[PDB]
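Down below is the structure, laid out as structure tokens.
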Amino acid sequence: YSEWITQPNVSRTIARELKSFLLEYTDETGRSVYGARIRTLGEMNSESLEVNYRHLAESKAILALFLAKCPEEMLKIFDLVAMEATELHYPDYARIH
Amino acid sequence: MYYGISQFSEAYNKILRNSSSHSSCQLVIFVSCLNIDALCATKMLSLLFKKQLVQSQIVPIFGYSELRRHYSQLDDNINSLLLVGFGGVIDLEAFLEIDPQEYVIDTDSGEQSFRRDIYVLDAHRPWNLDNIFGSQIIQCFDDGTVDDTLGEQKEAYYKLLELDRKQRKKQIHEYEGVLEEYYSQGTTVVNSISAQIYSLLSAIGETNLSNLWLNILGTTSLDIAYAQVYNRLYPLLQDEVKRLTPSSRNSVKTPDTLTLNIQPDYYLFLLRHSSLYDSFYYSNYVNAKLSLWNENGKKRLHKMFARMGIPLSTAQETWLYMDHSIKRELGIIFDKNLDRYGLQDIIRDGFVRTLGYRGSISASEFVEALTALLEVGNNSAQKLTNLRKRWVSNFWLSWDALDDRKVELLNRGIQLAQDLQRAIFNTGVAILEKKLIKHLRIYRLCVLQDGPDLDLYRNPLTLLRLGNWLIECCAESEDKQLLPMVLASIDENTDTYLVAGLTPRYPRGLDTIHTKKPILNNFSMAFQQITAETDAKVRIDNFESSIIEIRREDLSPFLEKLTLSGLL
Numbered sequence: 453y454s455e456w457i458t459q460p461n462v463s464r465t466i467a468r469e470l471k472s473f474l475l476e477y478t479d480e481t482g483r484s485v486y487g488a489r490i491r492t493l494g495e496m497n498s499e500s501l502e503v504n505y506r507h508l509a510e511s512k513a514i515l516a517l518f519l520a521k522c523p524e525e526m527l528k529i530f531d532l533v534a535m536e537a538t539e540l541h542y543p544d545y546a547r548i549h
Numbered sequence: 042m043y044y045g046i047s048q049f050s051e052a053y054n055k056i057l058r059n060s061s062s063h064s065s066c067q068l069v070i071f072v073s074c075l076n077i078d079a080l081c082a083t084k085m086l087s088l089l090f091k092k093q094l095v096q097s098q099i100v101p102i103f104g105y106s107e108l109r110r111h112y113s114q115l116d117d118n119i120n121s122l123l124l125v126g127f128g129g130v131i132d133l134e135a136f137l138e139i140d141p142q143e144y145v146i147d148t149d150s151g152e153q154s155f156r157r158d159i160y161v162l163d164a165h166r167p168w169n170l171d172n173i174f175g176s177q178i179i180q181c182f183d184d185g186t187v188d189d190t191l192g193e194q195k196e197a198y199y200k201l202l203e204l205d206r207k208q209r210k211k212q213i214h215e216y217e218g219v220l221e222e223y224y225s226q227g228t229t230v231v232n233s234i235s236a237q238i239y240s241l242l243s244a245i246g247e248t249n250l251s252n253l254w255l256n257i258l259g260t261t262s263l264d265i266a267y268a269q270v271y272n273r274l275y276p277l278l279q280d281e282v283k284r285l286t287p288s289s290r291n292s293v294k295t296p297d298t299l300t301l302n303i304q305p306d307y308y309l310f311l312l313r314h315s316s317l318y319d320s321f322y323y324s325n326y327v328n329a330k331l332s333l334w335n336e337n338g339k340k341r342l343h344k345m346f347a348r349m350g351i352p353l354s355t356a357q358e359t360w361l362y363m364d365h366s367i368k369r370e371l372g373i374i375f376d377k378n379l380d381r382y383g384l385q386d387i388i389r390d391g392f393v394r395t396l397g398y399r400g401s402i403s404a405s406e407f408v409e410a411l412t413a414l415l416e417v418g419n420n421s422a423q424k425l426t427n428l429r430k431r432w433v434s435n436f437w438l439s440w441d442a443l444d445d446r447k448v449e450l451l452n453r454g455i456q457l458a459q460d461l462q463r464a465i466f467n468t469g470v471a472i473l474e475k476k477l478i479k480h481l482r483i484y485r486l487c488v489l490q491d492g493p494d495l496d497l498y499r500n501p502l503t504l505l506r507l508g509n510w511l512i513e514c515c516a517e518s519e520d521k522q523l524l525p526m527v528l529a530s531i532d533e534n535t536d537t538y539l540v541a542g543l544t545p546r547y548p549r550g551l552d553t554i555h556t557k558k559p560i561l562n563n564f565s566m567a568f569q570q571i572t573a574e575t576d577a578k579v580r581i582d583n584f585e586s587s588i589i590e591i592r593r594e595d596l597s598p599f600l601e602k603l604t605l606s607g608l609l
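Residue numbers (this note's numbering), protein chains in the order written: chain X, 453 to 549; chain S, 42 to 609.
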């Protein structure tokens, strides 16, 4: 399993799905609560990026199981997707963190 | 047209020859307290006189009756008295109650020589012709701009002078109607006193960098009161700068070298010498645009700051301590972001001057420091005389600060400006959250009863600054139309209310034609009307008609009359 996750091809596909549900997946609301946390943490000017682990299993859950099994690499992927969301919602919020 | 623009130099030479006595002083200077442009003009006159070595006494005044009693104190031999921007509209001669026949020496051909000749340069617009033309002792410097436009009014006034029949009666009545047409008009200013003073200097050709610099400062002071006038005079100031720019280009900065630049300025108080966050924080225009008074204002401020990508702790730290690597890029960053927020109109070119390695100081920063030093540099009527003395002292302190060597005093005024902006912000947010404004659809009414700094607030300039901030806040709220601004403050030491009647003002950047027409302060006429009948013992001795001191108990009937008054 971990060797399969190690493939950067798999990692990039997961990155695509991660960016997809990050803003596109607006669970139970007309707006993505994760997108709401984005640029709010930007306003807070912090680095945490809380997820709650929910709306993840609720969002097709394959990413959820993948994380639960082999986190570290897709945590790094989450950090990357955080970078793109960062500069997206707040341009220039890069190089702050 | 008592004094032609070109004839200003001729009048100046006449004043010289009248007071051409190095042995004996024949010149006295009377200046309105609490006016930046007045201080600039006084500096102008002082430098001119020290060029001519003419003996002179300089006196700061705040009250009209103070002017009268001082004039009583004055010796008749003084053939030269100058007035700076105060009382021009009111008939000073009537206020002075002078007899020209006493004053005229050798009436005969006819010439009018007086042992005291009083020359009045006024910034106020109504410009009473009888004040201008009733007495030759009253010497009025005329911009011409009002005077030529007053040609119909001037000829009507002349006809009234001639006629002292039904057809002639109705003609006189029509002339009186015209008088009332330019009467009942809220006085304003269209000419920064420094501007025409420097024009006269150019006529004499004695202009230096400092003269133009001080003219810039006076105009910048006028900017908030009349933005459009500042904008109109701005190209003239820039052109004169070019006229006086040194030939040397981009020379290495050395302590001897002093340079004044025309570079983009951001409508943030003390921006260079304060931080970024704070400069945004107490900026009245920024506050009104962002509603910073409320918590959501702060939220939006943090959002926009992060939009520039500026780290917070970096933002609250001072501009001077900022790394230049970001400091250079700031302007384009705002260009990219302010527009997205609509805050782009705040960027505009300004005059910032530097000397040696002291640093560059905005003219806006300079005038803010001057205003601060004026405000807080230092029975009940006796207490009010004490406050007038302290205000004169603050005037002298600001005068002294204009000198280059008192950079330390300038920094003190800077600190006072920071503190005053902070306190004004606190008071404004307090009244806004508590909704202490109570608009009566004739005028938005707020009053000061509780809270600290009322002693600071009863200082007229502090009240004026708070009024400007609240006018800016209301105007940026375009949902509610422009309405008169009335503000009343209490002093427990005097136990009577302090009132200033602020005319409504368009938001900055409002170049629409309906915003081109200025607003006239109906407050002044209402106050004069109340003084005329059923007066509540208000004080109008102050050179500002809008600012009025009233018994706290008698203010409620005053408000009732204001509601009754239809001119508001």
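A virtual CB, placed ideally from N, CA and C, is assigned to each residue, including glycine.
7 angstroms CB neighbourhood of residue i in its chain, flanking five on each side removed
{"i": "S/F599", "result": "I571, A577 and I591"}
{"i": "S/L384", "result": "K330"}
{"i": "S/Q459", "result": "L311 and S315"}
{"i": "S/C74", "result": "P101, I102, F103, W432, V433 and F436"}
{"i": "S/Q462", "result": "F310 and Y323"}
{"i": "S/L204", "result": "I213"}
Cβ shell of residue i (< 6 angstroms), same chain only, five flanking positions each side left out
{"i": "S/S262", "result": "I77, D78 and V408"}
{"i": "S/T295", "result": "none"}
{"i": "S/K195", "result": "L170"}
{"i": "S/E281", "result": "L253"}
In DSSP terms, what residue i is bridged to
{"i": "S/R580", "result": "S/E590"}
{"i": "S/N302", "result": "S/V393"}
{"i": "S/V540", "result": "S/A529 and S/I589"}
{"i": "S/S73", "result": "S/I102"}
{"i": "S/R485", "result": "S/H480 and S/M526"}
{"i": "S/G400", "result": "S/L396"}
Assigned secondary structure, residue i (DSSP; H/G/I helix, E/B strand, else coil)
{"i": "S/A164", "result": "coil"}
{"i": "X/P460", "result": "helix"}
{"i": "X/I466", "result": "helix"}
{"i": "S/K476", "result": "coil"}
{"i": "S/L609", "result": "coil"}
{"i": "S/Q93", "result": "helix"}
{"i": "X/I548", "result": "coil"}
{"i": "S/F599", "result": "helix"}
{"i": "residue 38 of chain S", "result": "The first residue shown for chain S is 42 and the last is 609, placing residue 38 of chain S beyond what the model contains."}
{"i": "S/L115", "result": "coil"}
{"i": "S/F155", "result": "strand"}
{"i": "X/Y453", "result": "coil"}
{"i": "X/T492", "result": "helix"}
{"i": "S/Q490", "result": "coil"}
{"i": "S/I46", "result": "coil"}
{"i": "S/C515", "result": "helix"}
{"i": "S/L123", "result": "strand"}
{"i": "S/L425", "result": "helix"}
Among the options, the one whose alpha carbon lies nearest that of residue i
{"i": "S/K92", "options": "S/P305, S/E370, S/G246 and S/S530", "result": "S/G246"}
{"i": "S/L543", "options": "S/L123, S/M566 and S/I554", "result": "S/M566"}
{"i": "residue 30 of chain S", "options": "S/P287, S/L137, S/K558 and S/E594", "result": "Absent from the structure is residue 30 of chain S, since the part of chain S shown begins at 42 and ends at 609."}
{"i": "S/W168", "options": "S/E203, S/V230, S/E152 and S/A442", "result": "S/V230"}
{"i": "S/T556", "options": "S/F564, S/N563, S/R546 and S/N562", "result": "S/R546"}
{"i": "S/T426", "options": "S/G128, S/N583, S/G454 and S/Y498", "result": "S/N583"}
{"i": "S/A573", "options": "S/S606, S/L137 and S/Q96", "result": "S/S606"}
{"i": "S/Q226", "options": "S/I159, S/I512, S/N562 and S/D364", "result": "S/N562"}
{"i": "S/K368", "options": "S/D380, S/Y382, S/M349 and S/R381", "result": "S/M349"}
{"i": "X/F473", "options": "X/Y453, X/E455 and X/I514", "result": "X/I514"}
{"i": "S/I56", "options": "S/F155, S/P141, S/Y307 and S/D264", "result": "S/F155"}
{"i": "S/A82", "options": "S/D390, S/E221, S/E152 and S/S251", "result": "S/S251"}
{"i": "S/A422", "options": "S/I70, S/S586, S/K558 and S/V579", "result": "S/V579"}
Sequence-distant residues of the same chain with beta carbon closer than 8 angstroms to residue i, five excluded per side
{"i": "S/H480", "result": "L486, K521 and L524"}
{"i": "S/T575", "result": "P598 and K602"}
Interface residues of chain A facing residue i [CB-CB closer than 8 angstroms]
{"i": "S/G350", "result": "Of the protein chains in this structure, namely X and S, none is chain A."}
Within the chosen definition, does the stretch 173-184 of chain S reach the stretch 129-139 of chain S through at least 3 CB pairs nearer than 8 angstroms?
Contact between the stretch 173-184 of chain S and the stretch 129-139 of chain S is present, because at least three Cβ pairs lie under 8 angstroms.
Given 8 angstroms as the limit, is there contact between the stretch 283-299 of chain S and the stretch 389-398 of chain S, that is, 3 or more CB pairs closer than that?
yes
With contact counted as at least three CB pairs below 8 angstroms, one residue from each stretch, are the stretch 182-189 of chain S and the stretch 222-240 of chain S in contact?
yes
Assess, as a yes-or-no matter, whether the stretch 521-536 of chain X is touched by the stretch 453-473 of chain X under the definition of 3 or more beta carbon pairs within less than 8 angstroms.
yes
For the stretch 440-448 of chain S against the stretch 489-501 of chain S, do three or more pairs of beta-carbon atoms, one drawn from each stretch, fall closer than 8 angstroms, so that the two count as touching?
no
Okay, do the stretch 112-131 of chain S and the stretch 154-163 of chain S touch, 3+ Cβ pairs below 8 angstroms being the bar?
yes
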